[PDB]
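Enquirer: The structure's right below; bear with me while I get my questions together.
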Amino acid sequence: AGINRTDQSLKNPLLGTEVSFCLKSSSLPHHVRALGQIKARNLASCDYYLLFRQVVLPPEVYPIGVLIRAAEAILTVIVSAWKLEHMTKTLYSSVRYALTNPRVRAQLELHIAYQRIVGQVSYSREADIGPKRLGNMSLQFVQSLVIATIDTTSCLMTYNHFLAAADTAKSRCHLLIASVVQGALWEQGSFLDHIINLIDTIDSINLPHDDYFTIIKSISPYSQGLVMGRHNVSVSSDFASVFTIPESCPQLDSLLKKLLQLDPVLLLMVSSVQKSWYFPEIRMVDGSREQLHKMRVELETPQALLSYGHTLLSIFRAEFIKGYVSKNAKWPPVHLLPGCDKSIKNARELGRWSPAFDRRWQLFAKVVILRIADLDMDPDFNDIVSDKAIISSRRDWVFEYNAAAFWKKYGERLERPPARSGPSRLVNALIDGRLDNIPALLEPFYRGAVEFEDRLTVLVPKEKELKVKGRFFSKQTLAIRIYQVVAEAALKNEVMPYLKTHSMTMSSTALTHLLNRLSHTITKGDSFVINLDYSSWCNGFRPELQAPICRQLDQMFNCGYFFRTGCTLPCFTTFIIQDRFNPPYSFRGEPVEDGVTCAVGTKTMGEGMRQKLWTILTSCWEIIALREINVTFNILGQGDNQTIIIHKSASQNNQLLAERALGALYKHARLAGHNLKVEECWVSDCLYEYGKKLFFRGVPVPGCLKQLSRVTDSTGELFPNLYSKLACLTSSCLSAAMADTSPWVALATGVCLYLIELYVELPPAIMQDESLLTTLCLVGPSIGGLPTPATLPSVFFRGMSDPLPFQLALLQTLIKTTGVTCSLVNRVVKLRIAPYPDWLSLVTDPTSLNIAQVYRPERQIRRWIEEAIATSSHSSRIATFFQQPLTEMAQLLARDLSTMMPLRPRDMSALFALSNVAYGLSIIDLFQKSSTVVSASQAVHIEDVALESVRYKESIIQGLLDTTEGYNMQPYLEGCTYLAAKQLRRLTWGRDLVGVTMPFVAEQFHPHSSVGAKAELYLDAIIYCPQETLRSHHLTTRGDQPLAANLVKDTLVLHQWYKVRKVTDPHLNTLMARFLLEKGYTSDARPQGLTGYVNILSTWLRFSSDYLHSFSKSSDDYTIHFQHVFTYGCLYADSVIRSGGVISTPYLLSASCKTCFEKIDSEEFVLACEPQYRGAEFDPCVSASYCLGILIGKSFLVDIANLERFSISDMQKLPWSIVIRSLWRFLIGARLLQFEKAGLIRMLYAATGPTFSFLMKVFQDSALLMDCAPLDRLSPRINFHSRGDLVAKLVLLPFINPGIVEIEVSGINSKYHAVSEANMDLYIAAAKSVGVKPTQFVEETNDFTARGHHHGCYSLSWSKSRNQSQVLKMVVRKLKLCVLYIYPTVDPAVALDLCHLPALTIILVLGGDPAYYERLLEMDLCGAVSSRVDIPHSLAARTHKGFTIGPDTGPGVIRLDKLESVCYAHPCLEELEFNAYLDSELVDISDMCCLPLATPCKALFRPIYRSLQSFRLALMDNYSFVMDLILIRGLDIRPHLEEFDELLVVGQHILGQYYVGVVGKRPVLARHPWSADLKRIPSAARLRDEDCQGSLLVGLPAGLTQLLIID
Amino acid sequence: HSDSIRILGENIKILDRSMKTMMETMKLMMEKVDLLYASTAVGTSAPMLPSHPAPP
Amino acid sequence: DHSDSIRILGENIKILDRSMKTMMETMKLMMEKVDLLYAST
Amino acid sequence: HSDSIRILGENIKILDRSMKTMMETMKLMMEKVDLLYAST
Amino acid sequence: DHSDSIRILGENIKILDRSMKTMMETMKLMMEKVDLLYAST
Ligand SMILES: [Zn+2]
C-alpha cells in the first residue's frame, strides 16, 4: 500500500495557516473527517502550546528500572574498558537522577510514548489510525490531519505540526537528559530547574502568539544585550531598548537577569537552545512581509553609491596589489601620462612598497591591475556535496506548496504539484548529465545574463533558530549553485589569498592565528575587537550596484562578464517564501508579487547566496571607511555578523577613537547602501558569531544544550530502523565531541538515548535481562555490534584509527566484571565462519573483517543506484567516462593486491586514487552519505524499505534472544589480542595482513598515577605533567603551552620515500611507472592538532616520546601512533576533572600489552600482473643537505617560516657535513643590504621563530654534528655555549665573517642546480635508513675514578659555576652504581655532565615529568643521554627508590649545598663550589681524579682548551665581526657587541695586554675616541695561554692591533 | 650599421612606453562607464540583453 | 650584421601587437557595457 | 637577413592595420559616448 | 646586412608613433567627455 507519515522527525518549518484552511470550506475527505472529529471549541494552531501544557500522563507508565540498571552497568564497563576508575559513579548517578526526577521521567516517558506512536504510524501501510491515548489526551490521526483532544477542548493540526510538537517534546527530553548530565559534569550547577520553570513560564505567558514568539525571537538578542550591558559598563547596551521582554513578562525578565548575575555564559547557553521551546509559525502575518519589504528597499541615492563604489574599488586594488607583491614580488601595472603619482611609476619598476600609497583613493583609481591567471571551470567534487537542495528549472516551487492551502486562500488548485520536477539533490541532477559540462553550464554567466530557467530563489525558513522571523535561507537552481561553488572556489583558491582581509580567513593556520590575535586583543581591551552585525546583510545590497568590484575581478580571471552577471542577478532572481502550506499566487506559471508570501524582482540576490563576493564588497567599504579615519583594521568576515578588529590609531586615544570609529563606520556604511542602525554594531569587547559558532570574548561557548537538542536529519539513504538512529546518534556525539562539548557528556547522553531507542524498538523480554542489555552495547560495529558512543574511538580520537583491540578489551571487561559467560558473548556476537578474501580489503579503515555484521543494514549503493543510472540515463556521460564498470576493475586490482606480502595501506590508497576508478568510486562514496542526496533517494524504493524496517526489527529481536552460543571465540579473549587480531585477519582473509594493525591505546596503555604505576612491568610511557591544577574552568581558558597535481606530488613523495629502505624491487618501479604513464606526467624519471575540544586542556599539559628501551633505537620504527595516545591522555584528564577529582599529579600511560608492540617490516610491495586500466581519461644526500641549508636560510630570512614540515627522524639520520656548507652559501650569495641584514642579526640571538625551534628539535641527538668538517673546525674556533648559541653563532657567521667561509669556499655540487624545491624534502626523506648513523658516539667527559694527568677538567664554564657540574660526575663514579635518581630541581644543563658518563642506567625521580629529560636531552649534542639514560624506568618513578639527587629533604638522598670557601688543594679542580652529601651524610669526593679520555664535543670547550691554531683565526673572525656590525644600518648593537666583547676579552688574555664608530667608511676602534662620531659603549685562561707568543700577531690586522691596545 | 638599428630600437622603446600608457588610459575609461552600467539597473522586469560574447 | 638584435625586436613588435589585440577585445567589452545604457536611463 | 627583415615588415604592417582598426573603434566609441548627455 | 630596408622600417615605426599619438589624443577627448559625464547621473 501507500506509505503514510514518512518522517520520523521534522525538518520543515512550521505554519498554522493550513489549520485555518481546514477549518473553513474543506474539500478533501480527510479534511472533512478532521472537521468531524474536532469539537465545537477549537484552540488556534498557534495556541497549541496551551493544549500541550495540559497533557498529563499517569506517572511511571513504563517500567524502565531495568534500563536504569542496564545503563549503570554499560557506563561501568565502558569506564573500566578505558582503564579509568573514578568516573563510574558520577555518570550513573547523573543518569539515575535523570531517570528519577518525576517531571524529567514524565517528559522522558512522554518522549518514549511519542516515539512509540510514531513507530506505529511511520512507514505504515494503513492510512488513518484509531484513537491513541497519549496520557490523558486522545490523539486521532487521519491521513495527514492530526486531531488532539482533551475532553471538550481540541486542536486540529497537520502531520508536520504533530511532528513539530513531538520534536518539541523530543528536544525537551534531549535538553533535560543533557542538562542533568551537564549540570552534574560542568562547573555550574543543575540546569534542570531553570528549564522546568521556563516551560511552565512559556505556557503561562498571557500573550498572543505574535508577542510571546517575538519574545522567543528576542531571547538571544535581549540576553546578548544584557550580557553587553553587564560586562561593559562604559558603553550602554543598544538591543535592551527595542524589545518588549522586560515589560511583557516581568518574571521572565527577572529569571533571565538572575541567570545573568550568576553566569552570562549560562544565560547564553540557555538562551541559545532553539526547539526545546515551541516551534513558531515563522510569522506569516508580519515577519515574511518585513523581510520581503527589506529585500526591495532603496535607502540611498545612486550618486553617493557611485562615488563610494569608486572609493572602495580603490582599496580593493590596494589590497590585491599588497597581496600580489607580498607573494610574487611583481608590481601590478601603473598609469603614466594623464594623471598619476610619479613615485608609483618609479616603484613599479623598482618593486618597492609605498606605505603612503594605500591611504589615497584617487591614485588607485589610476592604478589598474593586470590579468594574473585564468579561470578553471571544473571544481573539486568534494565541495559540491551537501547543505543546499536545488530546483531543476523553475518547477519545484509549484510542487512544494500545498494544493489545499492555495485552494482555500486563492480558490484554484495550483493545477496540483506538477511532477517530481527534477532531483532535489544538486549531486543527482549534476551527475545525470543535463548540466554535466561545467564550462557549458557557466557559459550563460559568460554571456552576461542568465537564462530564464535558472533565475529563481525559493526562500526556506530556517528552523532551529531563535529568531522566529528568521533568515529565510535561499535555494536556487543548479546553475546558480554551481556558479556559487566555482566562484567561491575561484576566490578562495586564488583571490582571497591575494587579499589581506581574507588571506587570514581562508588559510586554516592563518585563520587560527587571526583567531588567536583576536582572542588576545578582545580580552586585553587595550585595542579591543568590535562587531558590525548586519541584520539586513543580504537585503542591503542593490541590484543596480552592490557597491561592486566585479568589473575588476572579471578582468583578473581573464573571463568576460562572468562576475558582472553577479551584480545584475538581483534583478533576475524571483523570490518565493518556502513556508510549508503557504500559498504565493501563480500568475502565468510564474509568481506575482504580493509583498508577504512573494516578491518578484527584489533589490537583493538571496539570503546566504553569493556570500564571498559580497564579503569582499562589505569588507572593502569597511576598510576604506576605517582608512579614511586612519585606524588600523582587521576583519573576520564570511557572511552575516561581520567582525572587525580595531587597533590603536595615531590620531585619537582608544576610547575617543572607539566612539569616533563607531560614528564614522555608521556614517560611511550608511552612505554605502546598508542602513546600519544604532543597535546592529556595538563598541564593545563582548561577542561575535563566526562559522556558525558563537564566541563570547573569543571563547567558543559550550553548544551541548543546542547541538544535542538539535535533532539529526538522519535516515541517510537508509530505512528508519534501530541501526540508522544509533549511527546518527553516534555521529552526533562525535560532532559534539569536536565542537567543544565533552564526549563523556555525549557518551552518557548516547547511552541514555540508546536505551530509550531500544525501549521503543524491543519487547520487554530483552529488557528484563539486565546482563544481556549490558552485553549489547560493547561489541562494536566491526565484529557484530550496534554503534554506540562507547565503541567508536573516532568520537574520542581523530579520523584514522583501528578499533579492534578496544572492542576486544570491552568484551574482556564484559566477561570479567559481569556474570555473562563466554558463551553468551558468543551468542550475541555471532562471528560466523567468514571464508575467502575476495572483496575489497579494509585498510586505514574501521577494519571490518570479511564477516559483515548482521546488524548493519546492507544498503547496496553499488548495485541498485548503478542499475538505476544504467536503466534511466540513456545518455552515458559519467558512464562513458568509465569505459568498464568501476568495482569490477577495482576488484581485479584488489585480487592482484592479494598477491603481495607488505600490503601497505597508504601506498595502495594513493595509487588507487591515481586511477579514474577511484574518481568514480569516490563519486559513489559521496552518494552513500549526504544531506541532499537523501531527499531524492528516500523517495525511491517505496514500501520495500518499510518491510526492511519490520524485517530488521524482527531479525534483531530473534538475534538478541538467541541461546547457547553461535560461533566460538573462546581462545581469543584471554590475555592479549596481538596474535588474536592477526589470527582474525588471517582467518577472514586467509593470509596475514600487515600495515593495517594499529595496536590500540586501550590495551597497550593503562592510565595511572606514578605511585599507581609500576616501573619494571609497565615500561614505555607518555606522561602529561600539568602546569596548573585543572578544574572545569580549565576547559574554557587557554594556558601557556602550544597546540590533480597533488596526487602526482604525493606519488613522488611515496617514490622517494621507498628509497629509505634500500630495497630494489623492480615490480614496484614498473607498477609506479605504469601509474605515472596513467597520470600523463611529463617526467618519467623525476629526480599535535588533536580533536579540538581537548586542545584547550592540552594548552595546560606537555607531551613527549620516552620509549627508549627497544622501540625508539631501532632503525625500523615500532608501531606507536602518538597523537591518539596524546588524545587518550587528554580525555582521561577530562574525565577525572568532570568526575569531581582534580589533576594535581602527573598521569602516565602504562605498558601492559607487551605483544602488541610490533616492529614494522621494511619490505617492498610487488604487483604480480600488469594493471589492465593503464589510463582512460649522484647521491641524494648532497643535494638534499645543500637544499636543506638554503631552506633554513630562506626560512630565517622570511622570519624577520614553519620548518616543522618534515619527519623528525630522517634529519637525525642524515649527515650534516653537507647541510652547513650551503647554509653558509645562501647567506654569502644573497648579498643583502645592511638594513635587511640588521633583522637577521637581531633575531637569531633570541629564541624566536618556528625555524629556530625546529632546529633545536633536530639538534637533540646528533651524530651529524661530529661528522661536519666545518664543525670540527668551528668548534675548536668559536666559543660554543648552548645549542642555541652554537647554532646562532653558526648561521649568522657567513654575514659577519668571511674568513672561515674562504677556507671552504671551493665546494659546490653541479646537480644542486637541477633540483626543484618540490624534490628536496623528498631527498631529505630518502636517506633515513640508507645510513641511520648507528654509531652515536658518547663524547666522554671527565670520568675521574683513578689517578692520571689533567686534561682540562672543564664542565659548563659559560653558564653556571664549573665546580658544580663536576661533582655530579664525581659522586656516581665513587658510588659505582649504574642507577641514579634525579629530581627536576636541578638545572638541566648541569645534569648533562652526569649523563655523559658511559655504562649507567639512570632512573630519575621525575615525578613523571616529560619536560625535564626533554631539556637535558635537548642540551645534548653527542647522544650519551639518549643511550645511557634509559627512560621507561625513569618516567614511572614518583619518589626515592635508589640513590637520589634533587630533593632538598629525603630519606637517603644525595644533596648538593653551595660552599662559599674551601682550600681544596687538588690537581683536578681548583676549588669546590658545591659540597655533596651522600645519603644525607657529607663524604669528601676528592679521591676521584681525572684520566686520559676519548674525543669530547660538548662541555669541554675546545677554543679555551690547549689548542690555539684555530684561535688565531678566531681573532681575525672577531675583528671581522666588528668591522661588519658597524656597517650594519638600523640596528642597536648592544647584545651582539656584548658577544664580541666576550670573545675579545677571551682573546686579550692571550695577547698579553671603549669607543665604537666608523671614520671614512672604515671601522677604527680604540678606547680613546678617534673622532666625535664614535659611540661610547678563570683557570681556563691559564690553559688557553701558550708558549712562543708573538705568532698570534703574525697575520694580524692593524685595526685589531689598535683594538687590543688600551687607548 | 649598428647605430641605425639602435636609434629605431630606442624609438620602439618609446613606442612601448606609450603602449603601456594606452593600456592604462583605456582602463581608466572603463571605470566611469562601468559604474554607470551598474548604477541604472533598478529592476522593474530586468530588460537586459548583452549581445557580443567574449573569447576565453 | 646582428641577427639576434633583429630577432629580439621582432618578438617585441609581436607582443606589442598582442597588447593591441587585448585592448581591442576589452574596448569592445566596454562597447557592450555602454550598449545597455541607453535603454536604462 | 632577407627573411628576418621581410617578416619584420609583415609584423609592422599588421600592427599598423591593427592600430587603424582600433582607431576606427575609438571613433565609433566617441559617437557612442556622446549620447550620454542626451540620455542623462 | 640589408641596411636599405632599415631606414624604411624606421620610418614605418615613426608612422606607428604618429598613430599612437592620435589614438592617445582621441582617448584624451573621450576621457574628458566620460569624466564630465560622472557629475550628473
Ligand atoms: Zn593486545
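We label chains A, B, ... in the order they appear in the C-alpha cells, count residues from 1 in each chain, and number ligands from 1 in the order shown.
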Neighbours of ligand 1 within 12 Å, counting only C-alpha atoms and all ligand atoms, as JSON, numbers by chain?

Expert: {"A": [803, 804, 805, 806, 807, 808, 809, 810, 812, 972, 973, 974, 975, 976, 977, 978, 979, 980, 981, 982, 997, 998, 999, 1000, 1001, 1002, 1003, 1004, 1005, 1151, 1152, 1153, 1154, 1155, 1156, 1157, 1158]}

Enquirer: Is it possible to see chain E as a short mmCIF file (atom, residue, chain, number, x, y, z; two decimals) with N, CA and C atoms, in the first residue's frame, once it has been laid onto chain C by a least-squares fit on every C-alpha atom in order?

Expert:
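File produced: result-v9.cif:
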```cif
data_model
loop_
_atom_site.label_atom_id
_atom_site.label_comp_id
_atom_site.auth_asym_id
_atom_site.auth_seq_id
_atom_site.Cartn_x
_atom_site.Cartn_y
_atom_site.Cartn_z
N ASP E 1 75.72 44.93 -39.91
CA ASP E 1 74.36 44.45 -39.71
C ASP E 1 74.38 43.61 -38.44
N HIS E 2 73.39 43.84 -37.57
CA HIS E 2 73.23 43.10 -36.33
C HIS E 2 71.88 42.39 -36.40
N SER E 3 71.88 41.18 -36.96
CA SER E 3 70.65 40.43 -37.17
C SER E 3 70.21 39.64 -35.94
N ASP E 4 71.01 39.63 -34.86
CA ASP E 4 70.64 38.87 -33.68
C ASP E 4 69.53 39.55 -32.88
N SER E 5 69.54 40.88 -32.84
CA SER E 5 68.50 41.62 -32.13
C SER E 5 67.26 41.86 -32.99
N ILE E 6 67.33 41.59 -34.29
CA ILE E 6 66.19 41.75 -35.19
C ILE E 6 65.08 40.78 -34.82
N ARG E 7 65.44 39.52 -34.53
CA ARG E 7 64.47 38.52 -34.10
C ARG E 7 63.87 38.88 -32.74
N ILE E 8 64.69 39.42 -31.84
CA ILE E 8 64.22 39.82 -30.51
C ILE E 8 63.22 40.97 -30.62
N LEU E 9 63.51 41.96 -31.46
CA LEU E 9 62.58 43.07 -31.61
C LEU E 9 61.33 42.65 -32.38
N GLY E 10 61.43 41.66 -33.27
CA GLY E 10 60.24 41.12 -33.91
C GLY E 10 59.34 40.38 -32.93
N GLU E 11 59.94 39.61 -32.01
CA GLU E 11 59.16 38.98 -30.95
C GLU E 11 58.54 40.02 -30.02
N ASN E 12 59.24 41.12 -29.77
CA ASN E 12 58.66 42.19 -28.97
C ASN E 12 57.52 42.89 -29.70
N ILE E 13 57.61 43.00 -31.03
CA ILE E 13 56.49 43.46 -31.86
C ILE E 13 55.29 42.53 -31.72
N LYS E 14 55.55 41.21 -31.67
CA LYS E 14 54.48 40.24 -31.45
C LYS E 14 53.83 40.41 -30.07
N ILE E 15 54.63 40.70 -29.04
CA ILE E 15 54.09 40.98 -27.71
C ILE E 15 53.24 42.26 -27.73
N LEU E 16 53.68 43.27 -28.49
CA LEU E 16 52.89 44.49 -28.65
C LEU E 16 51.56 44.20 -29.34
N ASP E 17 51.57 43.31 -30.34
CA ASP E 17 50.34 42.91 -31.01
C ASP E 17 49.39 42.18 -30.07
N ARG E 18 49.95 41.34 -29.18
CA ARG E 18 49.13 40.66 -28.17
C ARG E 18 48.48 41.66 -27.22
N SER E 19 49.24 42.68 -26.80
CA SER E 19 48.69 43.73 -25.94
C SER E 19 47.62 44.54 -26.67
N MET E 20 47.82 44.79 -27.97
CA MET E 20 46.80 45.47 -28.77
C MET E 20 45.52 44.64 -28.87
N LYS E 21 45.65 43.32 -29.05
CA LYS E 21 44.47 42.46 -29.11
C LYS E 21 43.72 42.42 -27.78
N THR E 22 44.43 42.36 -26.65
CA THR E 22 43.70 42.33 -25.38
C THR E 22 43.10 43.70 -25.03
N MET E 23 43.71 44.80 -25.48
CA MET E 23 43.09 46.11 -25.29
C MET E 23 41.85 46.27 -26.16
N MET E 24 41.88 45.76 -27.40
CA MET E 24 40.68 45.76 -28.23
C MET E 24 39.59 44.86 -27.65
N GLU E 25 39.98 43.77 -26.99
CA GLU E 25 39.00 42.90 -26.33
C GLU E 25 38.29 43.61 -25.19
N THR E 26 39.05 44.26 -24.30
CA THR E 26 38.39 44.94 -23.19
C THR E 26 37.64 46.19 -23.66
N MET E 27 38.11 46.84 -24.74
CA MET E 27 37.33 47.90 -25.38
C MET E 27 36.01 47.37 -25.93
N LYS E 28 36.01 46.16 -26.49
CA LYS E 28 34.77 45.56 -26.97
C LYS E 28 33.80 45.27 -25.83
N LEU E 29 34.31 44.76 -24.70
CA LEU E 29 33.45 44.48 -23.55
C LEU E 29 32.83 45.75 -22.96
N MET E 30 33.65 46.79 -22.76
CA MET E 30 33.07 48.01 -22.22
C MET E 30 32.26 48.79 -23.26
N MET E 31 32.53 48.60 -24.55
CA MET E 31 31.63 49.07 -25.60
C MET E 31 30.27 48.42 -25.50
N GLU E 32 30.24 47.11 -25.23
CA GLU E 32 28.98 46.40 -25.04
C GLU E 32 28.22 46.94 -23.84
N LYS E 33 28.93 47.21 -22.74
CA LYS E 33 28.29 47.75 -21.53
C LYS E 33 27.71 49.15 -21.77
N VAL E 34 28.49 50.03 -22.40
CA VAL E 34 28.03 51.39 -22.67
C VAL E 34 26.90 51.40 -23.70
N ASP E 35 26.92 50.47 -24.67
CA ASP E 35 25.84 50.41 -25.64
C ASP E 35 24.55 49.84 -25.04
N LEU E 36 24.65 48.90 -24.09
CA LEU E 36 23.43 48.45 -23.43
C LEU E 36 22.93 49.45 -22.39
N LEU E 37 23.77 50.40 -21.97
CA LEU E 37 23.30 51.48 -21.10
C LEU E 37 22.27 52.36 -21.79
N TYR E 38 22.48 52.67 -23.08
CA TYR E 38 21.86 53.83 -23.71
C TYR E 38 20.36 53.68 -23.94
N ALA E 39 19.81 52.46 -23.84
CA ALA E 39 18.37 52.29 -24.01
C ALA E 39 17.59 52.82 -22.82
N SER E 40 18.16 52.77 -21.62
CA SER E 40 17.47 53.16 -20.39
C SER E 40 18.28 54.26 -19.71
N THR E 41 17.86 55.51 -19.89
CA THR E 41 18.50 56.64 -19.22
C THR E 41 17.57 57.23 -18.18
#
```

Enquirer: Counting only C-alpha atoms, a student should be able to say which residues of chain A come within 9 Å of chain B; what is the right answer, written as a ChimeraX atom specification?

Expert: /A:302-303,305-306,309-310,333-338,365-368,374-375,446-449,542-548,551-552,558-561,564,567-568,570-572,600-603

Enquirer: Could you please tell me, as a list in words, which residues of chain D have an atom within 9 Å of chain E when using only C-alpha atoms?

Expert: residues 1, 2, 5, 8, 9, 12, 13, 15, 16, 19, 20, 22, 23, 26, 27, 29, 30, 33, 34, 36, 37 and 40 of chain D

Enquirer: Keeping only N, CA and C atoms, take the residues you just selected and write them out as an mmCIF file, in the first residue's frame.

Expert:
```cif
data_model
loop_
_atom_site.group_PDB
_atom_site.id
_atom_site.type_symbol
_atom_site.label_atom_id
_atom_site.label_comp_id
_atom_site.auth_asym_id
_atom_site.auth_seq_id
_atom_site.Cartn_x
_atom_site.Cartn_y
_atom_site.Cartn_z
ATOM 1 N N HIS D 1 69.790 37.831 -44.114
ATOM 2 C CA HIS D 1 68.917 38.689 -43.321
ATOM 3 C C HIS D 1 67.650 39.072 -44.078
ATOM 4 N N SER D 2 67.399 38.409 -45.209
ATOM 5 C CA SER D 2 66.238 38.747 -46.028
ATOM 6 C C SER D 2 64.937 38.332 -45.350
ATOM 7 N N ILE D 5 64.059 40.533 -41.975
ATOM 8 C CA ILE D 5 63.554 41.867 -42.295
ATOM 9 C C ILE D 5 62.207 41.782 -43.011
ATOM 10 N N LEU D 8 59.664 40.938 -40.392
ATOM 11 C CA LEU D 8 59.555 42.143 -39.576
ATOM 12 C C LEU D 8 58.674 43.191 -40.244
ATOM 13 N N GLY D 9 58.821 43.356 -41.562
ATOM 14 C CA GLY D 9 57.952 44.263 -42.294
ATOM 15 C C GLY D 9 56.502 43.823 -42.274
ATOM 16 N N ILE D 12 55.202 44.654 -38.673
ATOM 17 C CA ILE D 12 54.949 46.084 -38.511
ATOM 18 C C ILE D 12 53.724 46.510 -39.322
ATOM 19 N N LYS D 13 53.530 45.904 -40.502
ATOM 20 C CA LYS D 13 52.351 46.191 -41.315
ATOM 21 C C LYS D 13 51.061 45.740 -40.632
ATOM 22 N N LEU D 15 50.662 45.286 -37.424
ATOM 23 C CA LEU D 15 50.480 46.184 -36.284
ATOM 24 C C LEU D 15 49.840 47.499 -36.716
ATOM 25 N N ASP D 16 50.257 48.034 -37.870
ATOM 26 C CA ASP D 16 49.657 49.264 -38.385
ATOM 27 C C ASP D 16 48.180 49.075 -38.707
ATOM 28 N N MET D 19 46.265 48.917 -35.369
ATOM 29 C CA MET D 19 46.080 50.211 -34.720
ATOM 30 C C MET D 19 45.095 51.096 -35.476
ATOM 31 N N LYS D 20 45.034 51.003 -36.812
ATOM 32 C CA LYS D 20 43.997 51.764 -37.513
ATOM 33 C C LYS D 20 42.600 51.192 -37.275
ATOM 34 N N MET D 22 41.698 49.770 -34.407
ATOM 35 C CA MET D 22 41.338 50.248 -33.074
ATOM 36 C C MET D 22 41.057 51.751 -33.075
ATOM 37 N N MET D 23 41.707 52.517 -33.959
ATOM 38 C CA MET D 23 41.377 53.934 -34.121
ATOM 39 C C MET D 23 39.956 54.128 -34.648
ATOM 40 N N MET D 26 37.752 53.515 -31.752
ATOM 41 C CA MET D 26 37.733 54.709 -30.907
ATOM 42 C C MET D 26 36.808 55.777 -31.475
ATOM 43 N N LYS D 27 36.825 55.944 -32.804
ATOM 44 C CA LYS D 27 35.943 56.907 -33.459
ATOM 45 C C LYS D 27 34.476 56.524 -33.292
ATOM 46 N N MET D 29 33.356 54.679 -30.738
ATOM 47 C CA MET D 29 33.052 54.729 -29.312
ATOM 48 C C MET D 29 32.845 56.159 -28.832
ATOM 49 N N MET D 30 33.501 57.132 -29.477
ATOM 50 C CA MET D 30 33.232 58.538 -29.176
ATOM 51 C C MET D 30 31.790 58.910 -29.514
ATOM 52 N N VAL D 33 29.605 57.430 -26.821
ATOM 53 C CA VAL D 33 29.621 58.091 -25.514
ATOM 54 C C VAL D 33 29.175 59.544 -25.564
ATOM 55 N N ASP D 34 28.975 60.118 -26.750
ATOM 56 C CA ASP D 34 28.410 61.464 -26.811
ATOM 57 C C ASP D 34 26.889 61.494 -26.686
ATOM 58 N N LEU D 36 25.410 60.247 -24.001
ATOM 59 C CA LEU D 36 25.153 60.054 -22.580
ATOM 60 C C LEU D 36 24.588 61.305 -21.913
ATOM 61 N N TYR D 37 24.890 62.499 -22.435
ATOM 62 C CA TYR D 37 24.142 63.687 -22.031
ATOM 63 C C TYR D 37 22.807 63.817 -22.748
ATOM 64 N N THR D 40 21.252 61.267 -20.080
ATOM 65 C CA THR D 40 21.293 61.913 -18.771
ATOM 66 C C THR D 40 21.776 63.355 -18.887
#
```

Enquirer: One decimal, in Å: what's the spacing between CA of residue 1278 (chain A) and CA of residue 1199 (chain A)?

Expert: 25.5 Å

Enquirer: Excluding region 657-672 of chain A and any residue of its chain fewer than 5 positions from it, enumerate the residues within 10 Å of it, using only C-alpha atoms, and give them as a count of residues only.

Expert: 45

Enquirer: Mind the document's chain letters and residue numbers, and return as a ChimeraX atom specification the residues of chain E that DSSP labels helix (DSSP H, G or I).

Expert: /E:4-37
